[PDB]
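What you see below is based on every heavy atom in this structure, not just the backbone, and it leaves out hydrogens, waters and symmetry mates. Order of the sequence lines sets the chain letters (A, B, ...), proteins ahead of strands, with each chain counted from 1.
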Amino acid sequence: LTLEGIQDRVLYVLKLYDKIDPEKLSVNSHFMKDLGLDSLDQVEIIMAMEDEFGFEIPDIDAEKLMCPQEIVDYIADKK
Amino acid sequence: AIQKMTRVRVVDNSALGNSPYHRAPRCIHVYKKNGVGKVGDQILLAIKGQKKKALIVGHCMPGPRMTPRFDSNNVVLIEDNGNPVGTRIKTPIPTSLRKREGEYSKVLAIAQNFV
Amino acid sequence: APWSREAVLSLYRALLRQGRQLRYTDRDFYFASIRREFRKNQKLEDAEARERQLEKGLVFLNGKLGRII
Amino acid sequence: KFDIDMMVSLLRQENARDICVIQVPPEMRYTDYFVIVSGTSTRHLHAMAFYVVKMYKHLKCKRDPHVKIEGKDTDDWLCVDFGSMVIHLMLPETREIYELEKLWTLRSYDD
Amino acid sequence: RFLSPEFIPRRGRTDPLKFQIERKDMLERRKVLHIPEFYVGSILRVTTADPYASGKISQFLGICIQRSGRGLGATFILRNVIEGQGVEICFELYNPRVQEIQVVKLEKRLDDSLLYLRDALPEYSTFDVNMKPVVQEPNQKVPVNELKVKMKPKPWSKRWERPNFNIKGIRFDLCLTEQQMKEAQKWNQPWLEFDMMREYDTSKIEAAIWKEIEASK
Ligand SMILES: [Mg+2]
């Protein structure tokens, strides 16, 4: 799979989600202080990951991602 | 048999029931030709100077056999249009409400328990 | 203040994993109802009520009192 | 036959506004399937009520009892019970205040 | 030997052939369903089909507080309180929508009818729904539980103090005055225990019934 495919599909479903403010969607785009989200909203983002680009994501690892660089890297070596 | 003038133990999460009051709620009218109500009849009821339609859920005189008999006159409030005032019903409700002709489907969505 | 840390989000994501195994109903009203069970309830509560509401979350997960299809 | 699949056909074919059912376990001896469905207005809920009793009545099951629509005069609530299942046509505000989806999953674990 | 009370007829000028017929049907039901020995103190759980649910069954647990009725139509009414509410059900023992009658705790109380439990404290009437059936040993008489209960205040269901009831399971000393006790000893009827024409002797009745039991085997 194309690694930039992982990049713009993680980035893409981060753009598909509606409650977030697409202001600082970096690779260090954090959730609680960068975008101001609860952990419920964080697993809501995990729900916004597994729906298109995911389906194998474990709960111990989805608890502590917190930035889409770690997401792209983790699905990158996960596949 | 819940006739006129009978004291009534309201089982609801309603504002009218669980509010304290100096008069016990008591029946005024029974909506049958004879003035005797059984499990699954509508009555008027005096709560806090407010008459209010109500539905009899179990009484103290014995009915048929396999049906239950309560130690109070449990009654669920209802509005004029037919939807109940209450939100939860704690005391168990007999399943004998299911067969009778009238508004019972609305109340059986509310029961915690079934006897 | 809840039962633990990981258990709450674990039951959350578990209810979502049943949320995709949902078959017959409008799954977005379902998910919004999961929100309204979790957003407006799990903010600013005492540590005892956290326990009871995560226990009704447990029972709502297991579904021996009925399951949403 | 007239199963819950056929009910999903009747309600998505009507385009019911909101659907949420609960499989009631056999111990709590009310029903098997507990349908919660909302619509637009009294005309909508009323018409889709007469639609689903029209399709059940016309469909099959002669020996099974004819089914009366409950609460034809009230506006917000409507409810119809079958052998296996019972549908509740109501409003989502009425759903908000009666919170039935909590009850039939949390039988003693709610308010 | 324990012969259940529904087989013993009340006296009366009915024909014995009618009880031959009834006992025939009662034993033909006792092939299918196992009717156990139980007294008027014992805790029971009964599974019944529901006429209102589509072939779903149910379980009620409580105290058998009365064993009234003779013949095929004989009942027992059991009591329990749940949700701070007292409920009783009259169960017909031979209604074919009963599937099992399990005896949780076989025990005999001091009385023959515990209808006074409606006026006792609700702790004397409450039970666990999921309580486990206590194991009894095969070859032993029954544990006669005595428990003089405590009574709620005076306006009872019936005047249980009166000696026509012969109630034994009351701590009367806690809940009744000596003056009202001596008033209640007015309705004594001391002769009534001593007349020999009111005594219905079911002995030869028991004999012919046990040959009805053995002959159905
Ligand atoms: Mg009396």
Side-chain angles (χ1 to χ4, degrees), chain B residues 1-2 6-14 17-18 24-25 38-40 55-76 86-115, chain E residues 45-62 65-66 68-69 72-99 101 115-122 124-127 129-130 152 155-158:
Chain B
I2 290 167
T6 75
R7 282 89 192 82
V8 160
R9 181 253 177 77
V10 176
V11 182
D12 271 326
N13 200 2
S14 295
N18 299 318
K38 302 293 187 179
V39 179
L55 187 136
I56 296 170
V57 178
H59 45 64
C60 291
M61 76 165 297
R65 292 298 87 63
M66 308 291 291
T67 59
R69 182 167 76 80
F70 293 88
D71 288 337
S72 64
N73 301 321
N74 311 321
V75 155
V76 173
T87 302
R88 292 296 186 277
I89 298 164
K90 180 173 182 183
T91 71
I93 291 181
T95 62
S96 66
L97 289 184
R98 294 196 69 192
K99 76 167 178 68
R100 293 191 73 186
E101 288 76 11
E103 297 171 348
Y104 300 107
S105 300
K106 303 189 181 171
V107 180
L108 294 172
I110 302 171
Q112 298 291 108
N113 289 319
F114 283 97
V115 162
Chain E
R45 182 183 300 166
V46 177
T47 66
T48 58
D50 178 69
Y52 304 133
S54 300
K56 295 179 188 187
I57 73 170
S58 64
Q59 293 181 1
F60 190 77
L61 184 143
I65 68 173
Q66 185 176 356
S68 287
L72 187 55
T75 67
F76 52 93
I77 169 167
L78 54 149
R79 195 189 191 198
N80 198 1
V81 310
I82 51 192
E83 300 299 323
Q85 183 65 52
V87 287
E88 304 176 0
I89 293 90
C90 292
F91 281 95
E92 299 182 336
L93 183 63
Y94 296 100
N95 192 354
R97 72 182 176 185
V98 307
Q99 283 85 15
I101 301 165
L115 293 170
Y116 58 87
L117 287 179
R118 300 196 186 99
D119 288 328
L121 267 70
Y124 290 98
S125 174
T126 182
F127 278 98
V129 183
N130 297 113
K152 81 175 70 178
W156 293 346
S157 63
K158 298 178 167 181

Heavy-atom nearest pair, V39(B) first then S96(B), reads CG1-OG, 3.8 Å

Heavy atom to heavy atom, less than 4.5 Å: which residues from residues 106-115 of chain B reach chain E?
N113(B), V115(B)

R98(B) versus chain E, heavy atoms under 4.5 Å apart: side chain, backbone, both or neither?
side chain

Within the side chain of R65(B), is there an N or O that forms a donor-acceptor pair under 3.5 Å with the backbone of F91(E)?
no

Write down the atom of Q66(E), the atom of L115(E), and the distance for their closest heavy-atom approach.
OE1-CD2, 3.6 Å

Would you indicate whether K90(B), at its atom NZ, is surrounded by more than 12 heavy atoms from other residues, nucleotides or ligands within a distance under 6.0 Å?
no

Any donor and acceptor pair, going by atom type alone, linking the side chain of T67(B) with main-chain N or O of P64(B) inside 3.5 Å?
yes

For a quick test of reading the model, state the closest non-hydrogen atom pair linking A120(E) to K152(E) and the distance between them.
O-CE, 3.3 Å

Of the listed residues (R9(B), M66(B), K99(B)), which shares the most heavy-atom pairs with chain E below a 4.5 Å separation?
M66(B)

Sequence neighbours excluded, which residues qualify as salt bridge (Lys or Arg N to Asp or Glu O under 4.0 Å) partners of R45(E)?
none

Checking heavy atoms, do the side chain of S157(E), its backbone, both or neither come under 4.5 Å from chain B?
neither

Heavy-atom distance under 4.5 Å to chain E: side chain of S72(B), backbone, both or neither?
both

Tell me the residues of residues 73-82 of chain E whose non-hydrogen atoms fall below 4.5 Å from those of chain B, in number order.
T75(E), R79(E), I82(E)

Examine whether an atom of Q85(E) lies under 4.5 Å from a heavy atom of chain B, and if so say whether it belongs to the side chain, the backbone or both; otherwise answer neither.
side chain

Residues which pass side-chain hydrogen bond (donor to acceptor under 3.5 Å, both in side chains) with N73(B), listed by chain and number, not counting sequence neighbours:
none

Under a 3.5 Å distance rule, please check whether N18(B) uses its side chain to pair with a backbone N or O of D12(B) as donor and acceptor.
yes

Can you give me the closest heavy-atom contact between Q99(E) and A49(E), atom names plus distance?
OE1-N, 3.1 Å

Search all heavy atoms of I89(B) against all heavy atoms of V11(B) and return the closest pair with its distance.
CG2-CG1, 3.7 Å

Closest heavy-atom pair and its distance - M61(B), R69(B):
C-CD, 3.8 Å

